[PDB]
Amino acid sequence: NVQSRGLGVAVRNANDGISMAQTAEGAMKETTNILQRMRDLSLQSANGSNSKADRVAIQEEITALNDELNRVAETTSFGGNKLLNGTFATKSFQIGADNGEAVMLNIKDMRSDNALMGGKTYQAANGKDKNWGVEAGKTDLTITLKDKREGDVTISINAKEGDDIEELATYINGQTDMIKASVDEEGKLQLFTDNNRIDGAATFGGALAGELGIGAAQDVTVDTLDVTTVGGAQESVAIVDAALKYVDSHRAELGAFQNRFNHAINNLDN
Amino acid sequence: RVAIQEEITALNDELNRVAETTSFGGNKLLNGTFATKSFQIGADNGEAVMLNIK
Amino acid sequence: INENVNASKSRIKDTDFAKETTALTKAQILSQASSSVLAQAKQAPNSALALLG
Amino acid sequence: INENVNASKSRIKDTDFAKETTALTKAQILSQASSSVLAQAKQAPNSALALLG
Amino acid sequence: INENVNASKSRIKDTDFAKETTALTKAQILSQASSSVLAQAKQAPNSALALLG
Amino acid sequence: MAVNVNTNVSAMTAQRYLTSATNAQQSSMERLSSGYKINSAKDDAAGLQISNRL
Amino acid sequence: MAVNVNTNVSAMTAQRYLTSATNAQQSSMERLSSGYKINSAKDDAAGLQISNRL
């Protein structure tokens with residue numbers, strides 16, 4: 001009898017865990033929707049066609065959406081709690097007739113200033129103009145990386161001779177998905193490093209690396225995402241893509257949690 | 001595949017939970033601690049049937 | 001959020017008619033049976049008296 | 001590319017109305033049959049009472 | 001302005017039919033449910049009398 | 001066995017299959033309206049990531 | 001799921017996606033008549049400034 005009553009309470013608590021999961025997923029979709037909206041619009045602002053008057057309009061709209069991610073991270077409550085503020089620590093749901101067989105739940109903070117929502121960046125000290133091209137004997141570009149999984153990855157990029165400063169960035173993007181590159185206004189490369197998988201500083205070496213600027217590691221997030229020149233525009237889309245990957249990964253974890261619990265109800269009922 | 005592994009390791013905890021949760025009034029049906037239990041289904045003693053749950 | 005909190009305002013406050021009505025039915029036959037026990041138990045003192053005139 | 005990626009954004013995210021509607025209808029008959037089973041499952045205790053008024 | 005104020009003169013004064021009709025239907029099933037409860041609640045005194053003819 | 005009134009196992013079994021019938025039916029009637037079979041991560045965690053990227 | 005009559009989650013989902021369609025449908029039928037995809041600032045902020053300048 002105690003087990004039977006305990007199971008009835010267990011499916012009640014477990015169902016509450018499902019409701020808390022889907023309420024977070026409800027604002028999850030909106031967070032993804034805004035992030036995509038910035039990414040396409042940052043692509044528009046990356047144009048060389050628009051003037052500074054158009055880009056400041058972009059930044060006005062971007063900072064408008066930026067306030068939205070901060071607001072939704074605090075608004076989502078579910079009856080006085082704080083799902084997305086980050087104040088929600090690991091809460092264990094008792095889903096059994098007896099005690100001790102609970103399941104932990106972690107909902108990560110999703111404020112636009114969160115570290116995992118952005119990543120590191122590096123800038124070339126000296127730019128290269130249009131007439132400049134990659135010269136022979138100065139094409140090697142070896143990058144040392146620290147990775148959360150299969151760490152200590154060293155990737156070498158051999159730029160094709162005669163490539164200018166722009167198609168060089170495209171070549172680096174194609175060769176590896178761990179690094180995003182783009183030139184801003186004079187040829188300076190903006191290497192991007194996604195924080196949630198490429199933790200740690202990246203070391204640059206090779207003849208081409210010495211030809212350009214090694215640059216320092218600067219932390220940038222969605223909150224610091226500012227697009228007023230096309231250089232920040234190419235930087236922002238890289239930042240947004242990292243944010244979208246993080247949000248989607250957190251959504252998948254919540255989804256598997258929902259399936260664990262959906263399979264928990266019919267088990268407990270059985 | 002990282003997300004898929006997240007679903008797999010999530011479901012992995014489910015088997016490790018249900019194997020330890022199925023109790024039937026405090027016993028452990030699938031935990032493995034359930035040895036060969038003999039049920040007496042006869043008028044006299046000795047006429048029992050053994051049963052094991054792996 | 002409003003859609004999902006309304007879902008959470010179910011099985012917390014809302015009742016499901018399926019498991020509840022069968023509980024009501026079980027109690028109806030429980031009342032009908034229990035009452036008939038009283039009717040059968042009224043004659044226990046009556047048959048108790050019958051041993052002596 | 002834009003034509004084909006949109007095609008790939010179908011049967012991965014987009015639903016078909018061909019097989020989804022049959023899944024919905026099969027669910028409707030399943031729930032109706034189960035609910036009607038409840039109707040004949042309520043009087044099982046009632047018949048148990050009927051042996052003794 | 002006239003177009004916009006007419007848009008604003010809706011969802012404050014104008015009703016919808018999506019959520020309103022479901023509110024009406026939910027009300028109707030509620031009325032039939034409680035009305036049938038009276039049917040089962042009328043026989044409760046009857047069973048009270050049945051213990052003594 | 002037990003022709004009783006306190007436990008209705010048959011009603012409980014119909015209860016469970018009614019729950020599973022309208023849980024999947026509730027999963028439907030929203031793929032049709034939205035037009036997507038992927039709208040929450042619980043439907044397909046792997047599908048959500050690739051679909052969002054696409 | 002708790003088969004109840006006070007709350008209709010499926011109806012609420014259908015209503016939400018109904019206006020998600022009629023809002024975009026009402027977003028169209030006005031760009032068709034006007035002949036401009038940009039007629040209010042909420043459509044495209046950057047597009048409005050450059051179109052006005054052009």
# chains A, B, ... in the order shown; residues from 1 in each chain; ligands from 1

$ calpha_fit_and_write --fixed "chain C" --moving "chain E" --output "mmCIF file with C-alpha atoms, in the first residue's frame"
data_model
loop_
_atom_site.group_PDB
_atom_site.id
_atom_site.type_symbol
_atom_site.label_atom_id
_atom_site.label_comp_id
_atom_site.auth_asym_id
_atom_site.auth_seq_id
_atom_site.Cartn_x
_atom_site.Cartn_y
_atom_site.Cartn_z
ATOM 1 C CA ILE E 1 4.953 29.887 -21.287
ATOM 2 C CA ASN E 2 1.213 30.523 -20.922
ATOM 3 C CA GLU E 3 0.415 27.344 -22.855
ATOM 4 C CA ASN E 4 2.866 25.304 -20.782
ATOM 5 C CA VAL E 5 1.888 26.694 -17.376
ATOM 6 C CA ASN E 6 -1.745 25.934 -18.215
ATOM 7 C CA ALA E 7 -0.676 22.374 -18.996
ATOM 8 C CA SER E 8 1.091 22.396 -15.632
ATOM 9 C CA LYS E 9 -2.100 23.846 -14.109
ATOM 10 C CA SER E 10 -3.697 20.448 -14.636
ATOM 11 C CA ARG E 11 -3.204 17.087 -12.884
ATOM 12 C CA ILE E 12 -2.237 19.250 -9.893
ATOM 13 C CA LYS E 13 -5.476 21.267 -9.850
ATOM 14 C CA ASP E 14 -7.595 20.005 -12.747
ATOM 15 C CA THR E 15 -9.226 16.634 -12.176
ATOM 16 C CA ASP E 16 -9.496 13.806 -14.645
ATOM 17 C CA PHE E 17 -12.674 11.898 -15.408
ATOM 18 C CA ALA E 18 -11.197 8.484 -16.215
ATOM 19 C CA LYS E 19 -9.900 7.559 -12.760
ATOM 20 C CA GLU E 20 -12.280 9.852 -10.873
ATOM 21 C CA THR E 21 -15.507 8.332 -12.194
ATOM 22 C CA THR E 22 -14.252 4.833 -11.371
ATOM 23 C CA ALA E 23 -13.495 6.131 -7.880
ATOM 24 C CA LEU E 24 -17.075 7.405 -7.680
ATOM 25 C CA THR E 25 -18.516 4.111 -8.932
ATOM 26 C CA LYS E 26 -16.318 2.084 -6.573
ATOM 27 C CA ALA E 27 -17.581 4.320 -3.773
ATOM 28 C CA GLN E 28 -21.219 3.780 -4.780
ATOM 29 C CA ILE E 29 -21.026 -0.031 -4.771
ATOM 30 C CA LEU E 30 -19.243 0.261 -1.426
ATOM 31 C CA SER E 31 -22.158 2.300 -0.066
ATOM 32 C CA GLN E 32 -24.771 -0.187 -1.297
ATOM 33 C CA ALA E 33 -22.733 -3.126 0.005
ATOM 34 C CA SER E 34 -22.375 -1.783 3.547
ATOM 35 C CA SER E 35 -25.972 -0.543 3.580
ATOM 36 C CA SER E 36 -27.175 -4.064 2.778
ATOM 37 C CA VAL E 37 -24.906 -5.305 5.578
ATOM 38 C CA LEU E 38 -27.049 -3.284 7.986
ATOM 39 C CA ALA E 39 -30.084 -5.210 6.743
ATOM 40 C CA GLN E 40 -28.492 -8.543 7.678
ATOM 41 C CA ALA E 41 -27.053 -7.078 10.900
ATOM 42 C CA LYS E 42 -30.411 -5.802 12.172
ATOM 43 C CA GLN E 43 -31.878 -9.310 12.469
ATOM 44 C CA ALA E 44 -29.013 -10.621 14.619
ATOM 45 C CA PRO E 45 -30.693 -9.430 17.862
ATOM 46 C CA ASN E 46 -33.983 -10.739 16.461
ATOM 47 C CA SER E 47 -32.549 -14.258 16.274
ATOM 48 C CA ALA E 48 -31.282 -13.749 19.829
ATOM 49 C CA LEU E 49 -34.867 -13.206 20.979
ATOM 50 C CA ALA E 50 -36.211 -16.118 18.913
ATOM 51 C CA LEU E 51 -34.691 -18.738 21.237
ATOM 52 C CA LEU E 52 -37.268 -17.761 23.881
ATOM 53 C CA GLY E 53 -40.625 -16.444 22.697
#

$ calpha_fit_and_write --fixed "chain G" --moving "chain F" --output "mmCIF file with N, CA, C and O atoms, in the first residue's frame"
data_model
loop_
_atom_site.group_PDB
_atom_site.id
_atom_site.type_symbol
_atom_site.label_atom_id
_atom_site.label_comp_id
_atom_site.auth_asym_id
_atom_site.auth_seq_id
_atom_site.Cartn_x
_atom_site.Cartn_y
_atom_site.Cartn_z
ATOM 1 N N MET F 1 -3.530 10.562 -18.548
ATOM 2 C CA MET F 1 -2.939 11.782 -18.017
ATOM 3 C C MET F 1 -4.025 12.524 -17.273
ATOM 4 O O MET F 1 -4.213 12.364 -16.068
ATOM 5 N N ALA F 2 -4.736 13.351 -18.031
ATOM 6 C CA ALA F 2 -5.913 14.058 -17.555
ATOM 7 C C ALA F 2 -6.897 14.194 -18.709
ATOM 8 O O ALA F 2 -6.719 15.048 -19.584
ATOM 9 N N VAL F 3 -7.916 13.343 -18.723
ATOM 10 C CA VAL F 3 -9.031 13.476 -19.652
ATOM 11 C C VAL F 3 -10.045 14.400 -18.991
ATOM 12 O O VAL F 3 -11.040 13.951 -18.413
ATOM 13 N N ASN F 4 -9.797 15.703 -19.088
ATOM 14 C CA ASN F 4 -10.536 16.679 -18.307
ATOM 15 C C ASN F 4 -11.327 17.574 -19.248
ATOM 16 O O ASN F 4 -11.383 17.350 -20.459
ATOM 17 N N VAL F 5 -11.938 18.603 -18.666
ATOM 18 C CA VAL F 5 -12.679 19.596 -19.436
ATOM 19 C C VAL F 5 -12.211 21.017 -19.181
ATOM 20 O O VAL F 5 -12.598 21.932 -19.929
ATOM 21 N N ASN F 6 -11.389 21.264 -18.160
ATOM 22 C CA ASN F 6 -11.066 22.637 -17.790
ATOM 23 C C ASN F 6 -9.897 23.178 -18.605
ATOM 24 O O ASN F 6 -9.842 24.378 -18.895
ATOM 25 N N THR F 7 -8.955 22.318 -18.979
ATOM 26 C CA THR F 7 -7.817 22.717 -19.794
ATOM 27 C C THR F 7 -7.801 21.913 -21.084
ATOM 28 O O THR F 7 -7.938 20.686 -21.067
ATOM 29 N N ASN F 8 -7.628 22.615 -22.202
ATOM 30 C CA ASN F 8 -7.529 22.003 -23.525
ATOM 31 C C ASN F 8 -6.187 22.434 -24.107
ATOM 32 O O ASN F 8 -6.105 23.432 -24.827
ATOM 33 N N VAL F 9 -5.137 21.677 -23.785
ATOM 34 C CA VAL F 9 -3.797 22.026 -24.247
ATOM 35 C C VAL F 9 -3.721 21.951 -25.766
ATOM 36 O O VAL F 9 -3.128 22.821 -26.415
ATOM 37 N N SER F 10 -4.330 20.921 -26.357
ATOM 38 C CA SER F 10 -4.322 20.791 -27.810
ATOM 39 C C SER F 10 -5.003 21.980 -28.474
ATOM 40 O O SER F 10 -4.532 22.482 -29.501
ATOM 41 N N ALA F 11 -6.119 22.441 -27.905
ATOM 42 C CA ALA F 11 -6.779 23.628 -28.438
ATOM 43 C C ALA F 11 -5.894 24.858 -28.293
ATOM 44 O O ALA F 11 -5.874 25.724 -29.175
ATOM 45 N N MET F 12 -5.168 24.960 -27.179
ATOM 46 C CA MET F 12 -4.262 26.087 -26.988
ATOM 47 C C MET F 12 -3.130 26.068 -28.008
ATOM 48 O O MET F 12 -2.741 27.119 -28.529
ATOM 49 N N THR F 13 -2.577 24.887 -28.293
ATOM 50 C CA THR F 13 -1.508 24.801 -29.281
ATOM 51 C C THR F 13 -2.013 25.166 -30.670
ATOM 52 O O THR F 13 -1.326 25.865 -31.422
ATOM 53 N N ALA F 14 -3.212 24.700 -31.027
ATOM 54 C CA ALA F 14 -3.814 25.118 -32.287
ATOM 55 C C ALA F 14 -4.092 26.614 -32.285
ATOM 56 O O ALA F 14 -4.031 27.267 -33.333
ATOM 57 N N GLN F 15 -4.405 27.171 -31.114
ATOM 58 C CA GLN F 15 -4.606 28.611 -30.996
ATOM 59 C C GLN F 15 -3.339 29.371 -31.360
ATOM 60 O O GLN F 15 -3.381 30.355 -32.107
ATOM 61 N N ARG F 16 -2.200 28.924 -30.836
ATOM 62 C CA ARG F 16 -0.950 29.640 -31.054
ATOM 63 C C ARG F 16 -0.522 29.582 -32.514
ATOM 64 O O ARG F 16 -0.078 30.590 -33.076
ATOM 65 N N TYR F 17 -0.651 28.416 -33.149
ATOM 66 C CA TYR F 17 -0.239 28.305 -34.543
ATOM 67 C C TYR F 17 -1.236 28.975 -35.477
ATOM 68 O O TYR F 17 -0.855 29.421 -36.564
ATOM 69 N N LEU F 18 -2.508 29.049 -35.083
ATOM 70 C CA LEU F 18 -3.463 29.855 -35.836
ATOM 71 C C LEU F 18 -3.077 31.327 -35.781
ATOM 72 O O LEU F 18 -3.166 32.045 -36.783
ATOM 73 N N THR F 19 -2.644 31.793 -34.608
ATOM 74 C CA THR F 19 -2.204 33.176 -34.468
ATOM 75 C C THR F 19 -0.998 33.459 -35.355
ATOM 76 O O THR F 19 -0.951 34.478 -36.052
ATOM 77 N N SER F 20 -0.016 32.555 -35.354
ATOM 78 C CA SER F 20 1.178 32.772 -36.162
ATOM 79 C C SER F 20 0.891 32.618 -37.648
ATOM 80 O O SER F 20 1.586 33.216 -38.476
ATOM 81 N N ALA F 21 -0.120 31.824 -38.007
ATOM 82 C CA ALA F 21 -0.438 31.617 -39.416
ATOM 83 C C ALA F 21 -1.055 32.866 -40.029
ATOM 84 O O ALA F 21 -0.652 33.308 -41.111
ATOM 85 N N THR F 22 -2.037 33.454 -39.349
ATOM 86 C CA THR F 22 -2.735 34.626 -39.855
ATOM 87 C C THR F 22 -2.046 35.931 -39.486
ATOM 88 O O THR F 22 -2.449 36.987 -39.976
ATOM 89 N N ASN F 23 -1.027 35.890 -38.626
ATOM 90 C CA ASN F 23 -0.202 37.077 -38.431
ATOM 91 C C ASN F 23 0.691 37.324 -39.636
ATOM 92 O O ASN F 23 0.833 38.469 -40.079
ATOM 93 N N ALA F 24 1.294 36.267 -40.178
ATOM 94 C CA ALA F 24 2.065 36.368 -41.408
ATOM 95 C C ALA F 24 1.166 36.530 -42.624
ATOM 96 O O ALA F 24 1.550 37.188 -43.596
ATOM 97 N N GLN F 25 -0.025 35.930 -42.592
ATOM 98 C CA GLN F 25 -0.983 36.146 -43.669
ATOM 99 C C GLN F 25 -1.493 37.581 -43.664
ATOM 100 O O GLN F 25 -1.697 38.179 -44.726
ATOM 101 N N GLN F 26 -1.710 38.150 -42.475
ATOM 102 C CA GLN F 26 -2.055 39.564 -42.388
ATOM 103 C C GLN F 26 -0.890 40.441 -42.820
ATOM 104 O O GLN F 26 -1.102 41.538 -43.349
ATOM 105 N N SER F 27 0.344 39.988 -42.581
ATOM 106 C CA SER F 27 1.500 40.681 -43.136
ATOM 107 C C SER F 27 1.466 40.655 -44.654
ATOM 108 O O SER F 27 1.784 41.658 -45.302
ATOM 109 N N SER F 28 1.081 39.525 -45.236
ATOM 110 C CA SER F 28 0.756 39.466 -46.652
ATOM 111 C C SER F 28 -0.615 40.110 -46.851
ATOM 112 O O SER F 28 -1.203 40.669 -45.922
ATOM 113 N N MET F 29 -1.139 40.052 -48.074
ATOM 114 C CA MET F 29 -2.363 40.741 -48.483
ATOM 115 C C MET F 29 -2.254 42.252 -48.339
ATOM 116 O O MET F 29 -3.222 42.969 -48.614
ATOM 117 N N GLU F 30 -1.100 42.755 -47.910
ATOM 118 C CA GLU F 30 -0.810 44.179 -47.927
ATOM 119 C C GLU F 30 0.483 44.510 -48.647
ATOM 120 O O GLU F 30 0.620 45.636 -49.137
ATOM 121 N N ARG F 31 1.431 43.575 -48.734
ATOM 122 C CA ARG F 31 2.547 43.743 -49.654
ATOM 123 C C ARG F 31 2.083 43.638 -51.098
ATOM 124 O O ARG F 31 2.648 44.295 -51.979
ATOM 125 N N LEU F 32 1.068 42.814 -51.359
ATOM 126 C CA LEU F 32 0.534 42.699 -52.711
ATOM 127 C C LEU F 32 -0.225 43.957 -53.112
ATOM 128 O O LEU F 32 -0.042 44.478 -54.218
ATOM 129 N N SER F 33 -1.089 44.458 -52.226
ATOM 130 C CA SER F 33 -1.888 45.631 -52.564
ATOM 131 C C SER F 33 -1.022 46.879 -52.680
ATOM 132 O O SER F 33 -1.167 47.655 -53.631
ATOM 133 N N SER F 34 -0.117 47.091 -51.723
ATOM 134 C CA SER F 34 0.759 48.254 -51.796
ATOM 135 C C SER F 34 1.802 48.101 -52.892
ATOM 136 O O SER F 34 2.252 49.101 -53.462
ATOM 137 N N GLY F 35 2.194 46.869 -53.200
ATOM 138 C CA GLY F 35 3.253 46.622 -54.150
ATOM 139 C C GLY F 35 4.650 46.728 -53.585
ATOM 140 O O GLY F 35 5.617 46.583 -54.343
ATOM 141 N N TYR F 36 4.791 46.977 -52.287
ATOM 142 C CA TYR F 36 6.082 47.052 -51.622
ATOM 143 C C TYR F 36 6.156 46.004 -50.523
ATOM 144 O O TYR F 36 5.184 45.790 -49.793
ATOM 145 N N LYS F 37 7.310 45.354 -50.407
ATOM 146 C CA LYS F 37 7.566 44.491 -49.263
ATOM 147 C C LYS F 37 8.153 45.253 -48.086
ATOM 148 O O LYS F 37 8.394 44.652 -47.034
ATOM 149 N N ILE F 38 8.390 46.552 -48.239
ATOM 150 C CA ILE F 38 8.848 47.411 -47.157
ATOM 151 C C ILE F 38 7.859 48.564 -47.067
ATOM 152 O O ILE F 38 7.842 49.450 -47.932
ATOM 153 N N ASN F 39 7.012 48.535 -46.044
ATOM 154 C CA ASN F 39 6.066 49.612 -45.786
ATOM 155 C C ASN F 39 6.007 50.029 -44.328
ATOM 156 O O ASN F 39 5.427 51.080 -44.032
ATOM 157 N N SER F 40 6.576 49.250 -43.414
ATOM 158 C CA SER F 40 6.735 49.645 -42.026
ATOM 159 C C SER F 40 8.148 49.292 -41.591
ATOM 160 O O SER F 40 8.762 48.366 -42.126
ATOM 161 N N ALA F 41 8.665 50.046 -40.620
ATOM 162 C CA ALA F 41 10.027 49.815 -40.157
ATOM 163 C C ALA F 41 10.204 48.443 -39.522
ATOM 164 O O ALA F 41 11.329 47.934 -39.483
ATOM 165 N N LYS F 42 9.124 47.835 -39.028
ATOM 166 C CA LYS F 42 9.236 46.526 -38.398
ATOM 167 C C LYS F 42 9.578 45.427 -39.395
ATOM 168 O O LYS F 42 10.122 44.393 -38.994
ATOM 169 N N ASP F 43 9.268 45.618 -40.679
ATOM 170 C CA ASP F 43 9.631 44.615 -41.674
ATOM 171 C C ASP F 43 11.143 44.532 -41.841
ATOM 172 O O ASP F 43 11.727 43.444 -41.771
ATOM 173 N N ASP F 44 11.797 45.675 -42.059
ATOM 174 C CA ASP F 44 13.254 45.712 -42.172
ATOM 175 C C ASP F 44 13.701 47.138 -41.852
ATOM 176 O O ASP F 44 13.568 48.030 -42.694
ATOM 177 N N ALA F 45 14.223 47.337 -40.640
ATOM 178 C CA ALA F 45 14.680 48.665 -40.247
ATOM 179 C C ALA F 45 15.829 49.138 -41.128
ATOM 180 O O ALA F 45 15.856 50.297 -41.557
ATOM 181 N N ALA F 46 16.789 48.255 -41.408
ATOM 182 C CA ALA F 46 17.899 48.622 -42.279
ATOM 183 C C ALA F 46 17.423 48.903 -43.696
ATOM 184 O O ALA F 46 17.885 49.854 -44.335
ATOM 185 N N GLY F 47 16.506 48.079 -44.205
ATOM 186 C CA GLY F 47 16.018 48.274 -45.558
ATOM 187 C C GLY F 47 15.278 49.581 -45.739
ATOM 188 O O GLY F 47 15.342 50.190 -46.808
ATOM 189 N N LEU F 48 14.565 50.029 -44.703
ATOM 190 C CA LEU F 48 13.809 51.271 -44.809
ATOM 191 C C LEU F 48 14.726 52.466 -45.032
ATOM 192 O O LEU F 48 14.444 53.324 -45.876
ATOM 193 N N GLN F 49 15.830 52.540 -44.286
ATOM 194 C CA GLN F 49 16.718 53.693 -44.390
ATOM 195 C C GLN F 49 17.351 53.780 -45.771
ATOM 196 O O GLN F 49 17.356 54.844 -46.399
ATOM 197 N N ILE F 50 17.891 52.665 -46.262
ATOM 198 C CA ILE F 50 18.550 52.682 -47.563
ATOM 199 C C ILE F 50 17.531 52.892 -48.676
ATOM 200 O O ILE F 50 17.800 53.594 -49.657
ATOM 201 N N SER F 51 16.342 52.299 -48.542
ATOM 202 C CA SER F 51 15.312 52.480 -49.560
ATOM 203 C C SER F 51 14.841 53.927 -49.624
ATOM 204 O O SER F 51 14.616 54.460 -50.716
ATOM 205 N N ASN F 52 14.674 54.576 -48.469
ATOM 206 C CA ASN F 52 14.280 55.981 -48.471
ATOM 207 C C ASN F 52 15.358 56.853 -49.096
ATOM 208 O O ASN F 52 15.052 57.789 -49.842
ATOM 209 N N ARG F 53 16.626 56.570 -48.794
ATOM 210 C CA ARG F 53 17.712 57.328 -49.401
ATOM 211 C C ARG F 53 17.735 57.138 -50.911
ATOM 212 O O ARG F 53 17.937 58.098 -51.664
ATOM 213 N N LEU F 54 17.538 55.902 -51.371
ATOM 214 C CA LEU F 54 17.485 55.644 -52.805
ATOM 215 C C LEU F 54 16.291 56.338 -53.444
ATOM 216 O O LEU F 54 16.403 56.892 -54.544
#

$ select_by_dssp --residues "chain F" --states "helix (DSSP H, G or I)" --output "tab-separated table (two decimals) with C-alpha atoms, in the first residue's frame"
chain	number	residue	atom	x	y	z
F	9	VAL	CA	-7.32	-3.85	-12.29
F	10	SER	CA	-9.15	-3.90	-15.63
F	11	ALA	CA	-10.12	-0.25	-15.16
F	12	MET	CA	-6.50	0.57	-14.30
F	13	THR	CA	-5.24	-1.15	-17.46
F	14	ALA	CA	-7.77	0.77	-19.55
F	15	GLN	CA	-6.57	3.87	-17.70
F	16	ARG	CA	-2.97	3.32	-18.78
F	17	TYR	CA	-3.76	2.67	-22.44
F	18	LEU	CA	-6.13	5.64	-22.50
F	19	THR	CA	-3.22	7.75	-21.23
F	20	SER	CA	-0.88	6.42	-23.92
F	21	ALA	CA	-3.55	6.81	-26.62
F	22	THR	CA	-4.25	10.51	-26.00
F	23	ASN	CA	-0.63	11.31	-25.17
F	24	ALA	CA	0.31	10.47	-28.76
F	25	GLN	CA	-2.93	12.03	-29.98
F	26	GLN	CA	-2.00	15.19	-28.07
F	27	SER	CA	1.39	14.91	-29.75
F	31	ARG	CA	2.19	18.72	-35.90
F	32	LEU	CA	-0.71	19.33	-38.28
F	33	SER	CA	-1.43	22.87	-37.07
F	34	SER	CA	2.22	23.93	-36.88
F	45	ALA	CA	17.03	15.95	-30.23
F	46	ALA	CA	19.31	15.09	-33.15
F	47	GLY	CA	16.79	16.31	-35.70
F	48	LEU	CA	16.42	19.68	-33.99
F	49	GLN	CA	20.12	20.54	-34.23
F	50	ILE	CA	20.51	19.65	-37.90
F	51	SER	CA	17.18	21.25	-38.81
F	52	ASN	CA	18.13	24.51	-37.08
F	53	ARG	CA	21.48	24.52	-38.88

$ interface_residues --of "chain B" --to "chain A" --cutoff "12 Å" --atoms "only C-alpha atoms" --output "MDAnalysis selection string"
chainID B and resid 1:27

$ atom_distance --atom1 "CA of residue 66 (chain A)" --atom2 "CA of residue 196 (chain A)"
20.4 Å

$ residues_around --residues "residue 199 (chain A)" --least-positions-apart "6" --cutoff "7 Å" --atoms "only C-alpha atoms" --output "count of residues only"
3

$ atom_distance --atom1 "CA of residue 90 (chain A)" --atom2 "CA of residue 109 (chain A)"
11.9 Å

$ atom_distance --atom1 "CA of residue 234 (chain A)" --atom2 "CA of residue 46 (chain A)"
6.1 Å
